[PDB]
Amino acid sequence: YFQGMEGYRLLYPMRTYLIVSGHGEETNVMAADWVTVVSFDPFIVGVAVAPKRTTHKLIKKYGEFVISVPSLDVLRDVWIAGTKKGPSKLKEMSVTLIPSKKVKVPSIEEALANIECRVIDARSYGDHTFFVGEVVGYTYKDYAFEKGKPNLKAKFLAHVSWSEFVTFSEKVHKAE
């Protein structure tokens, strides 16, 4: 409405993830920045999803979602997920759906990690629904997390501005 840099930009750069929803013929994927962990034990996550997203419809329908973690190498698939709508986009995507362990929603095999979630809350704040999901299963690529921490060579993906992305430095600073 009022040109200027919107206030949400102050939290950026933010990690970019993929959200998978539905199953079989209805299987969808969208990009999502607005994701965070909300509890350590039980493991619970949340994602802000606008009502207008096909992903919002599929999450409400089935009560499950998958957070797949993409690398910088699949930015093209990530961009499609973030720009096109609903399950027909998968026919432009370089992605392989594999079953998941506890949700019906599929996982993305190229993903660094897939986090399988059962929805336990849905609150409305402003123009998005915050979908809170209990992590009931997870898979990942061993090298991307080899020392029980994230391996920075794996090219974890972040978002700076609308069409611009970056990964992390490989230079680590120790706090103690």
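From 1 onward, residues are counted along the sequence shown.
Visitor: 143-151 versus 123-131: which one carries the higher mean Cα B factor per the record?
Guide: Higher of the two, by average CA B-factor, is 143-151.
Visitor: Read off the CA B-factors in the entry, average them over 11-19 and over 161-169, and name the higher stretch.
Guide: 161-169 has the higher mean C-alpha B-factor.
Visitor: Within this chain's modelled residues, let me know which third the CA B factor of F40 belongs to: lowest, middle or highest.
Guide: Tercile = middle for this residue's CA B-factor.
Visitor: Just say lowest, middle or highest third for the CA B-factor of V78 relative to the other modelled residues in its chain.
Guide: CA B-factor rank for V78: lowest third.
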